[PDB]
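Every residue, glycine as well, gets a Cβ built from its backbone with ideal geometry; the counts of neighbours run over all protein chains shown. FYI, it's all coordinate maths here, none of it is from the lab.
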Amino acid sequence: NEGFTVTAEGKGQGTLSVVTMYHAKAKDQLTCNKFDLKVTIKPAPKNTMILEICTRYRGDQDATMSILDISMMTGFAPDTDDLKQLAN
Amino acid sequence: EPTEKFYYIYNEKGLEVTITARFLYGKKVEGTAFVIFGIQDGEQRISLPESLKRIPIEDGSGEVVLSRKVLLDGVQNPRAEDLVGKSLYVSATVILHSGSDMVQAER
């Protein structure tokens, strides 16, 4: 990016344009666009804790089908019975 | 791959869609699939929110059916002959049980 001098001569007219492509800094970028999510993790009242998800949609109407992909910590498993209640 | 490359207007059974997903290296796949049927009229595309069906894919195979009632009620006009000359499209999204990635295949 630097200044340059234009020199033109001869008959006729022509259109000269300059377009600069640059990577601009984002302003108030929201990494969680259209999906406000809130994960709350709490110790349970073998080591185990009660894991909670609170989710919401930023749109006007109720959202369409959504997916909650979960990749838990190392060496952790979900409680079977809780998934049983959540399945039906 | 639909069973027939068309949809008879009076077919009360309705359109039937067969999903056949396989790994690139010749192995079958397991996971879940998403199907939504949209009506295409030239450059104008109309979607059907009530046709969204969550079908589980087993051994790289699965099926889903669009009842004729859904097709009739999705468009505001209940007329039948007006639908002749239009087209349908299937936007299938397949997701592994591992959640690695999803592929949007459209016919």
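For the reader, a short list of remarks on this structure follows.
- Mean per-residue shielding of peptide B:93-106 is 1, counting Cβ atoms of other chains within 10 Å of each Cβ.
- Compared with the alpha-carbon gap, the fully stretched path from B:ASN11 to B:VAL65 is longer by 18.2 nm at 0.36 nm per residue.
- Dividing the Cα radius of gyration of the protein assembly as shown by its Kirkwood radius returns 1.14 for Rg/Rh.
- If only the Cβ of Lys and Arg carry +1 and only the Cβ of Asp and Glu carry -1, the dipole of the protein assembly as shown around its Cα centre is close to 260 debye.
- DSSP loop GluC sites (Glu not before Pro) with at most 12 other Cβ within 10 Å excluded, longest remaining stretch of chain B: B:44-107
- Counted by Cβ distance under 13 Å from B:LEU83, the other residues give a net charge of -1, where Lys and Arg count +1 and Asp and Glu count -1.
- Reciprocal mean inverse distance between Cα atoms of chain A - Kirkwood radius, Å: 20.1 Å
- Cut-off of 10 Å, at most 14 other beta carbons, DSSP loop: longest stretch of chain B lacking such chymotrypsin sites (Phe, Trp or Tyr not before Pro): B:26-107
- Each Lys and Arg Cβ is given +1 and each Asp and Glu Cβ -1; about its Cα centre, the stretch B:26-107 then shows a dipole of about 80 debye.
- Column: log10 I(q)/I(0), Debye, Cα scatterers of the stretch B:10-75, q = 0.18 Å⁻¹: -0.75
- Selection from A:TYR22, A:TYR57, A:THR7, by position along the positive dipole direction of chain A (Cβ): A:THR7
- Alpha carbon centroid spacing (whole Å) that separates the stretch A:34-88 from the stretch B:73-107: 30 Å
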